[PDB]
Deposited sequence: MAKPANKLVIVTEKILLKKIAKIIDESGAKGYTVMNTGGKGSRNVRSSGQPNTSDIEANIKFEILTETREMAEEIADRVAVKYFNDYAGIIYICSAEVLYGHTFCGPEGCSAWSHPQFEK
């Protein structure tokens, strides 16, 4: 198992491409994204409502925080969105763990 940070970004659906681009530039090895609904309290939604949730597994905490900081500064003063982070362990993932595999021992 290889420790990882699962960065979750839940935001407005119109930001899908803009956020993916950031994730792609970050050096993160990939992402998962899904359609969700949400209700919030920040009261910032540009114009239950339909959102998207990204999940990005990163090798380091700093990479997760650099993504988070770049998304939030660039979009979250103007669009609704929340970003949080969970601890995970990756058991299998060719890209994430490299040809060497995620170990186990």
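Counting from residue 1 of the deposited sequence, the stretches lacking C-alpha coordinates in this chain are 1, 49 to 55, 114 to 120.
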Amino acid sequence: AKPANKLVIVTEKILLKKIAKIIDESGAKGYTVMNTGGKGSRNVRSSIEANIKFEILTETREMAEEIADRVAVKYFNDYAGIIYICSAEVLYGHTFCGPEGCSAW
From here on, numbers count along this sequence of modelled residues.
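Heads up, when I say rigid core I mean the largest set of C-alphas that superpose within 1.5 Å between the two forms.
Rigid core superposition in 4 other deposited structures of this protein puts the Cα atoms of one stretch, out of 5 to 13 and 84 to 92, farther from the shown form on average, and that stretch is 84 to 92. Per the compared records, residue 45 is unresolved in at least a third of the other entries whose models span it. Across the two stretches, 66 to 74 and 37 to 45, the PDB entry reports the greater mean Cα temperature factor for 37 to 45. A summary of the deposited B-factors shows that, of 93 to 101 and 80 to 88, the stretch with the larger mean C-alpha value is 93 to 101. Among the modelled residues of its chain, residue 52 has a C-alpha B-factor that falls in the lowest third according to the deposited record.
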